[PDB]
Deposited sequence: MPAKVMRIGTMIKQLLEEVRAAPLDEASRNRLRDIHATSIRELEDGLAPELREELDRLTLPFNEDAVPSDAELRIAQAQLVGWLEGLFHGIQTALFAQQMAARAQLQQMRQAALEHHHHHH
């Protein structure tokens, strides 16, 4: 289930305007990505945030969050493809 996929798209755009907002978005993304996670959450919430404030670190912190969101989308995406492609191969072994 890729609800997360659609949310990444929308969350991606908000990534630009004129820091609480930035920190807020990252948090949203992580909560939606967690859904249900086992204690593995530690790694996902192990100082998994942007680095802090001066404008420099806000230009920086905001770039970090564009790549993070693109990464999730394409990681999810290629993994999803692997899945479809593996099931096909496994089947091509029918013969």
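Taken in order along the deposited sequence, the stretches absent from the coordinates are 1 to 4, 23 to 28, 63 to 67, 111 to 121.
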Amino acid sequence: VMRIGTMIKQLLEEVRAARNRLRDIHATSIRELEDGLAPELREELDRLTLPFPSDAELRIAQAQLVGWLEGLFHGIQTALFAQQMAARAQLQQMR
From here on, numbers count along this sequence of modelled residues.
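Of the two segments, 62 to 70 and 26 to 34, the one listed with the higher mean B-factor is 26 to 34 (C-alpha atoms only). Across the two stretches, 36 to 44 and 53 to 61, the PDB entry reports the greater mean Cα temperature factor for 36 to 44. Of the residues listed, 11, 86, 18, 76, the entry assigns the biggest Cα temperature factor to 18.
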